[PDB]
Structures are given as structure tokens and as C-alpha cells.
Amino acid sequence: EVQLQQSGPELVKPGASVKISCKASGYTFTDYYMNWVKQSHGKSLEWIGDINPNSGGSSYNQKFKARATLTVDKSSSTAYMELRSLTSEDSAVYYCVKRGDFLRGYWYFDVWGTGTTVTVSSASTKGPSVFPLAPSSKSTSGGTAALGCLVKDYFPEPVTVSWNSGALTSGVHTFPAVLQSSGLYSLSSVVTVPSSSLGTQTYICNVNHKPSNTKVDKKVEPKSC
Amino acid sequence: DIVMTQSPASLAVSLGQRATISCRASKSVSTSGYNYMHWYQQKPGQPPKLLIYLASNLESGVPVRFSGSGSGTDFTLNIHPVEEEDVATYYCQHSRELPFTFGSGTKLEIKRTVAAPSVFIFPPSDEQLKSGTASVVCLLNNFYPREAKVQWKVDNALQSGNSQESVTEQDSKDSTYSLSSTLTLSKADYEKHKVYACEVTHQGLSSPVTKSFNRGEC
Amino acid sequence: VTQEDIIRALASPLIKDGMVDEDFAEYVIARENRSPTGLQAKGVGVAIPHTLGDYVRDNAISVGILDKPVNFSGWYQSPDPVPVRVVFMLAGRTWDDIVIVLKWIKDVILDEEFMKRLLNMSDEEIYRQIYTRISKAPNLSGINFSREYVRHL
Ligand SMILES: *[C@@H]1O[C@H](CO)[C@@H](O[C@@H]2O[C@H](CO)[C@@H](O)[C@H](O)[C@H]2NC(C)=O)[C@H](O)[C@H]1NC(C)=O
């Protein structure tokens with residue numbers, strides 16, 4: 001299966017530069033052109049440029065030109081994009097996308113990368129605090145109960161929240177982050193489970209804030225009666 | 001450059017109805033026997049996926065319920081039966097000339113009958129109290145429509161300005177949303193009062209539903 | 001058959017296969033009259049008309065054999081036209097693309113016995129020989145060469 005694994009999130013100070021990696025697998029890497037598309041916070045897509053992995057030749061959008069640099073590494077099948085003189089306008093999500101057509105001039109896109117969130121600000125990175133949303137001691141004697149984790153006061157985006165290392169997926173509702181008045185972000189993630197499992201099944205939320213190297217695992221217990 | 005005016009900005013269809021997404025190009029992106037036009041689907045929190053290439057061809061794996069048409073400057077993406085998993089944002093893109101440009105995007109949300117929410121309330125974790133702030137969370141689960149009214153009551157006092165709401169995207173299975181209202185207040189101000197209620201008003205409720213707890217009792 | 005006939009006849013399969021813009025031959029003719037490409041290949045006459053490459057959708061080569069040689073201007077000064085029997089039309093997106101094939105073609109036109117085969121082979125046998133050599137190259141991934149790009153004139 002064709003896979004475009006991308007680099008991790010980045011926090012960049014204004015005026016500096018960032019370089020994003022994009023590892024490719026599942027196809028002959030040099031056969032297909034590689035592209036990069038930026039999606040702003042308004043979810044509007046803008047094409048940045050293409051690169052021929054075999055020759056290194058790159059073509060760029062005029063708007064981003066003189067700031068974007070497209071390079072590849074033929075040995076490791078990895079595509080690189082470098083954006084210089086960053087400002088707040090460049091704070092967006094950057095995708096590496098594969099061409100799809102071999103040699104036909106179709107120039108569509110078949111596979112988009114995992115995505116890399118780039119936040120540009122002067123603020124320093126701060127990790128979040130994970131607090132359990134304990135299920136109600138009432139709940140229902142045979143019905144459904146609700147529990148979750150509160151992710152509070154972090155910067156910058158994003159944070160990944162999984163339950164039981166990915167085993168629990170049904171009934172999970174990870175809410176979008178909200179910008180708090182303190183300037184920091186805050187997130188709430190919940191999950192609905194049967195009441196007869198609060199003592200038999202262990203529930204753990206796995207929070208990962210890559211920009212601050214914060215990985216926390218918190219067990220969500222019913223509070224002591 | 002080429003400006004692509006995608007329409008409509010939002011498209012609300014019922015389950016099994018017809019969804020028609022239009023995309024207009026400011027220049028003819030058709031040259032020779034090649035219609036350089038492509039459609040993508042971006043589900044919430046996911047990278048875009050390829051639906052249609054060359055304005056009519058389905059990508060291997062795309063279900064046959066998606067179709068493409070159009071030539072010259074006006075192109076159309078269609079979904080003959082709209083399914084629950086089809087809630088996403090759809091973008092058009094041209095390969096005629098450089099630079100490639102995309103449409104502003106079309107968000108497809110599917111209509112659904114009224115669904116009342118199941119409400120839950122969570123007292124702040126004692127681990128948070130040591131930090132000096134308390135956060136009370138009220139959860140509204142699996143409801144339609146999206147519009148909901150959540151009011152906070154602290155010892156019968158209606159709060160204001162200390163609550164933030166977050167809403168999930170439409171579920172790919174039940175077509176409902178979920179809402180979380182977070183009441184933020186200091187630990188000192190948290191323990192001056194006892195009763196913490198959450199009054200929810202919705203179309204699916206004949207009367208408002210209130211979920212409350214008393215500080216210290218479990 | 002002048003240079004413009006030869007160019008437009010060699011660019012025609014490229015435009016039909018959707019690898020260059022509609023007005024592609026007219027661009028390479030414009031650059032042919034600015035920086036011509038007549039090469040007195042040590043034995044035969046060789047010309048390499050190419051272009052910038054923003055209107056090029058994919059790297060491709062179009063080969064044309066001239067039974068009756070046609071005069072092409074050469075960039076090596078010398079207002080003495082070149083009697084050209086082999087034409088190598090090139091279309092590359094970027095400067096990095098064209099430089100790679102240009103050295104590869106330099107090795108093409110310095111191989112007499114290979115080159116001598118081109119003069120007296122059909123459009124099929126020519127494709128089989130250039131394809132096999134493009135395949136053996138470690139570079140040249142991204143250039144397209146199908147059976148419709150060989151034409152005698
Ligand atoms: C290419 O151009 C050359 C130079 O003009 C032509 O050679 C001339 O041909 C005429 C007539 O045959 C002679 O009188 C001249 O002496 C030649 N000049 C030389 C040999 O320097 C040549 O015929 C042209 N070829 C074609 C195919 O048109």
C-alpha cells in the first residue's frame with residue numbers, strides 16, 4: 001500500500017525557517033512526482049510546488065516562491081520541503097501528496113500525506129495537564145456511563161488522544177480544541193461505556209503533545225465513595 | 001492564475017437524496033481530449049482522498065455512487081445515494097496550468113430527524129484543585145440538530161462568561177453531534193458554593209434537562 | 001520540409017498524448033531561432049530542439065529520422081548550416097530535467113555504430129533500441145518514450 005508518512009509538528013519563531021520530511025513507501029519512489037499542498041486554518045487548499053524525485057527539478061507557486069525549497073533523498077525515499085522567513089500567515093497544515101499518474105500529464109493527486117501542523121509564534125511551547133473526567137458514581141445500574149479526560153492549557157497545536165492504546169474506538173468523542181482566554185488551548189475527550197465495566201474494564205487515555213515532548217497516560221477511575 | 005468558484009458553500013441533503021456539487025473555472029481547463037479536473041473528499045481530521053480524476057474517472061476503490069461530469073469551465077460532482085459516511089468536505093482542483101488552484105470547498109452535512117441528547121456532568125478532578133483552578137464539564141451526547149442551549153447554575157445562580165463550548169463534527173454513522181461545555185473557575189471560588197447544575201435546552205426535549213452534583217458528595 | 005515542418009511533425013505526437021501545451025512547437029521554434037541547436041555529430045547530422053518547460057506537462061523525447069537531410073542552424077557560431085539527418089526533440093519541465101538528458105544524448109551521438117543503426121532502421125526497431133538504453137540508465141526515470149514518437153521524414 002502506498003504510504004506518505006510525514007514529519008512531526010513544529011513550532012517556529014517568526015523569521016526562522018522550517019524543514020518538513022515526508023517518507024514514501026509502497027511504490028518506486030522516483031517514478032512519480034511529489035507535490036506539497038498547504039491548508040490554512042480556513043481549510044482552503046493552496047498548491048506549493050512539485051518536484052521530480054529523479055532529477056531534483058522543482059517548480060513552485062509564485063506566491064510561496066523564493067521561500068519554498070523542494071528536495072528529495074533518493075536513497076531513503078524521502079521528500080523534503082523547506083520554508084524560509086516564516087510569519088504568522090504561514091501557520092497552517094502542510095501535506096505532501098503523490099502524483100498518481102505515471103507518465104500521462106494528468107497531474108492529479110492520488111494519496112495525501114499524514115500531514116504536519118506548523119505553528120508560527122513567538123510564544124514558547126507548553127505541555128498540557130491531563131485531568132480525569134471521572135464517571136458518575138450514579139451512572140445507571142445497567143445503562144450507559146460517560147467518562148473522559150480533560151486536556152488543559154497547552155500550546156501549540158496539536159494533541160493526539162487515544163484510549164487504551166487504540167483498542168477503544170467506539171463511542172469516543174474527542175472535541176476540537178478551544179482557545180482559552182489565557183491564550184492557551186484546551187481539549188476535552190470523552191467515551192461512553194457500559195456501567196457493568198467500570199470495575200471489570202480499565203480505561204486509560206493516551207495524550208501526546210509532540211511540540212513539548214509530553215506523553216501522559218491517565219487512568220480514569222470512579223471516585224472513592 | 002485560474003480562479004475556481006466552487007458552489008455551494010454548504011450542502012444539506014437527506015439520507016438517500018441527491019448531492020450535487022458544482023465547480024466553475026475562470027478559464028477553460030480543457031485542452032485536446034483531456035478535461036484536467038479532479039475531485040477530492042476530506043473527511044474531518046483526515047488528509048484528502050481522491051474521488052474523481054479527469055472529471056469523470058473513478059479512482060480504484062471509490063464506490064460507484066460518486067460520479068463526475070463537465071467540460072470546459074463548468075463541472076459537477078454527484079452522489080446519487082448519499083450515505084451516513086459521506087459527511088465530509090469536497091474540493092475541486094484543475095491540472096490545466098501552473099499553479100494548481102483549488103475551490104473554496106463544499107461541506108456536505110446530511111439531514112437527520114430530531115435526536116435528544118444524553119447529558120452528563122463531571123466535577124473537577126481533585127488533582128486539578130491543587131493547581132488553583134477548577135473545571136466543570138457538561139457533556140451533550142449524540143443529538144440533532146447542532147443548535148443547543150447549555151446554561152450553568154451554581155447555587156441557583158446563572159453563570160455567564162466563564163463557559164466555553166466545543167462541538168464535534170457530524171458522526172459518520174448516526175449523523176449526530178456532541179457538545180462539551182466547560183465551566184472554568186478558581187478553587188477558592190469553587191468551594192464557596194455547593195450545588196453545580198447544568199441545564200440543557202434542545203429541540204428533542206419537551207422540557208429542559210438539568211444534571212447537577214453537590215460539592216463533596218460522591 | 002523546413003525546420004518548422006520537422007518540428008511541428010515531431011511535436012504532434014507529444015501534444016496528442018497530453019505532455020506539452022497546444023502551442024508547444026511554436027515555443028520551440030521561437031527558441032530555435034534564438035539559440036539554435038545544430039550539432040555536427042561526428043558522423044551524422046543531429047539537431048536537438050527543446051524549450052523552457054513550464055508548458056511541458058511531462059518529460060518526453062520525440063525522435064525524427066531525415067532520409068533527406070535538412071539544414072539546421074548550429075549554435076557553434078559558423079553561419080554554415082548543418083546537414084541534419086537525426087532530430088532529437090526534447091521537452092523537460094525544469095532546467096534540472098533537461099541537463100540530465102542532454103549529457104545522455106551526448107553519449108548517444110558519440111556512438112557511431114549505434115548511430116549508424118538509426119539511419120537504416122524502421123520506426124519499430126528504433127523504439128526497441130532507444131527504450132532498452134533508456135531502461136538501462138540509472139537516471140532517466142520520468143522521461144517518456146513510447147512507440148508513437150518515431151517518425152521518418
Ligand atoms: C545548406 O546550406 C549550405 C550553405 O548555404 C548549402 O551549400 C551550398 O549549396 C550551393 C548549391 O548547391 C552551393 O553553390 C554552395 O557552394 C554550397 N555552400 C557550401 C558547400 O558551403 C547546402 O546546399 C544547404 N543544404 C540544403 C539541404 O538546403
# chains A, B, ... in the order shown; residues from 1 in each chain; ligands from 1
$ residues_around --residues "residue C:50" --least-positions-apart "2" --cutoff "10 Å" --atoms "only C-alpha atoms" --output "count of residues only"
21
$ select_by_dssp --residues "stretch 118-196 of chain A" --states "strand (DSSP E or B)" --output "count of residues only"
41
$ residues_near_ligand --ligand "ligand 1" --cutoff "8 Å" --atoms "only C-alpha atoms and all ligand atoms" --output "PyMOL selection string"
chain C and resi 68-72+80-83
$ write_last_selection --atoms "C-alpha atoms" --output "mmCIF file, in the first residue's frame"
data_model
loop_
_atom_site.group_PDB
_atom_site.id
_atom_site.type_symbol
_atom_site.label_atom_id
_atom_site.label_comp_id
_atom_site.auth_asym_id
_atom_site.auth_seq_id
_atom_site.Cartn_x
_atom_site.Cartn_y
_atom_site.Cartn_z
ATOM 1 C CA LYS C 68 16.866 13.725 -46.955
ATOM 2 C CA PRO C 69 18.975 15.944 -44.658
ATOM 3 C CA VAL C 70 17.628 19.379 -43.735
ATOM 4 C CA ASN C 71 19.739 22.437 -42.943
ATOM 5 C CA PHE C 72 19.683 23.470 -39.275
ATOM 6 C CA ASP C 80 27.228 27.423 -42.280
ATOM 7 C CA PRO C 81 24.049 25.374 -41.715
ATOM 8 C CA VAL C 82 24.315 21.753 -40.626
ATOM 9 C CA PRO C 83 23.058 18.850 -42.796
#
$ interface_residues --of "chain C" --to "chain B" --cutoff "9 Å" --atoms "only C-alpha atoms" --output "NGL selection string"
:C and (15-16 or 18 or 21-22 or 54-55 or 57)
$ closest_atom_pairs --of "chain A" --to "chain C" --cutoff "7 Å" --atoms "only C-alpha atoms" --output "tab-separated table"
residue	atom	partner	partner_atom	distance
A:30	CA	C:141	CA	6.6
A:31	CA	C:141	CA	6.1
A:54	CA	C:141	CA	5.9
A:55	CA	C:97	CA	5.7
A:56	CA	C:96	CA	6.5
A:57	CA	C:96	CA	4.8
A:58	CA	C:94	CA	6.7
A:103	CA	C:144	CA	6.4
A:104	CA	C:18	CA	6.4
A:105	CA	C:57	CA	5.0
$ write_last_selection --atoms "N, CA, C and O atoms" --output "CSV table (one decimal), in the first residue's frame"
chain,number,residue,atom,x,y,z
A,30,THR,N,11.1,7.1,-7.3
A,30,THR,CA,11.5,8.1,-8.4
A,30,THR,C,10.5,8.1,-9.5
A,30,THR,O,10.7,9.0,-10.4
A,31,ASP,N,9.5,7.2,-9.6
A,31,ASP,CA,8.7,7.1,-10.7
A,31,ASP,C,7.6,8.3,-10.8
A,31,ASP,O,7.3,8.7,-11.9
A,54,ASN,N,13.6,12.1,-9.5
A,54,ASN,CA,14.7,11.5,-10.2
A,54,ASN,C,15.8,12.6,-10.6
A,54,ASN,O,17.0,12.3,-10.5
A,55,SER,N,15.3,13.7,-11.0
A,55,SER,CA,16.2,14.8,-11.4
A,55,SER,C,16.4,15.9,-10.4
A,55,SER,O,17.4,16.6,-10.5
A,56,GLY,N,15.6,16.0,-9.3
A,56,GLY,CA,15.6,17.1,-8.4
A,56,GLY,C,15.0,18.3,-8.9
A,56,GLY,O,14.9,19.3,-8.1
A,57,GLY,N,14.6,18.4,-10.1
A,57,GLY,CA,13.9,19.6,-10.7
A,57,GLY,C,12.6,19.9,-10.0
A,57,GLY,O,11.8,19.0,-9.8
A,58,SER,N,12.4,21.2,-9.6
A,58,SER,CA,11.2,21.6,-8.9
A,58,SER,C,10.6,22.8,-9.6
A,58,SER,O,11.3,23.7,-10.1
A,103,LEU,N,3.1,8.6,-16.4
A,103,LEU,CA,3.6,9.5,-17.5
A,103,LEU,C,2.5,9.8,-18.5
A,103,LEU,O,2.4,9.1,-19.5
A,104,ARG,N,1.7,10.8,-18.1
A,104,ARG,CA,0.5,11.0,-18.9
A,104,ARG,C,0.1,12.5,-18.9
A,104,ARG,O,-0.8,12.9,-19.7
A,105,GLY,N,0.7,13.2,-18.1
A,105,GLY,CA,0.3,14.6,-18.0
A,105,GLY,C,-1.0,14.9,-17.3
A,105,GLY,O,-1.5,16.0,-17.4
$ residues_around --residues "stretch 88-95 of chain A" --least-positions-apart "2" --cutoff "6 Å" --atoms "only C-alpha atoms" --output "ChimeraX atom specification"
/A:36-41,113,115-120
$ interface_residues --of "chain B" --to "chain A" --cutoff "9 Å" --atoms "only C-alpha atoms" --output "PyMOL selection string"
chain B and resi 34-38+40+46-51+53-54+59+91+93-96+98-105+120-128+135+137+139+141+164-169+178-180+182+217-218
$ residues_around --residues "stretch 69-80 of chain A" --least-positions-apart "6" --cutoff "7 Å" --atoms "only C-alpha atoms" --output "list in words"
residues 19, 20, 21, 22, 23, 24, 29, 51, 53, 56 and 58 of chain A
$ residues_around --residues "stretch 191-205 of chain B" --least-positions-apart "3" --cutoff "10 Å" --atoms "only C-alpha atoms" --output "NGL selection string"
:B and (113-123 or 134 or 136-140 or 143-158 or 181 or 183 or 186-188 or 208-217)
$ closest_atom_pairs --of "stretch 53-146 of chain B" --to "stretch 12-15 of chain B" --cutoff "10 Å" --atoms "only C-alpha atoms" --output "tab-separated table"
residue	atom	partner	partner_atom	distance
B:81	CA	B:15	CA	7.5
B:82	CA	B:15	CA	5.5
B:83	CA	B:15	CA	6.0
B:84	CA	B:15	CA	7.1
B:86	CA	B:15	CA	9.9
B:87	CA	B:12	CA	10.0
B:107	CA	B:12	CA	8.6
B:108	CA	B:12	CA	6.2
B:109	CA	B:12	CA	5.2
B:110	CA	B:13	CA	5.0
B:111	CA	B:14	CA	4.5
B:112	CA	B:14	CA	6.8
B:113	CA	B:14	CA	9.6
$ residues_around --residues "residue A:164" --least-positions-apart "2" --cutoff "7 Å" --atoms "only C-alpha atoms" --output "list in words"
residues 162, 166, 167, 168, 203, 204 and 205 of chain A
$ select_by_dssp --residues "stretch 21-208 of chain B" --states "alpha helix (DSSP H)" --output "VMD selection string"
chain B and resid 126 to 129 187 to 190
$ atom_distance --atom1 "atom CA of residue A:199" --atom2 "atom CA of residue B:129"
25.4 Å
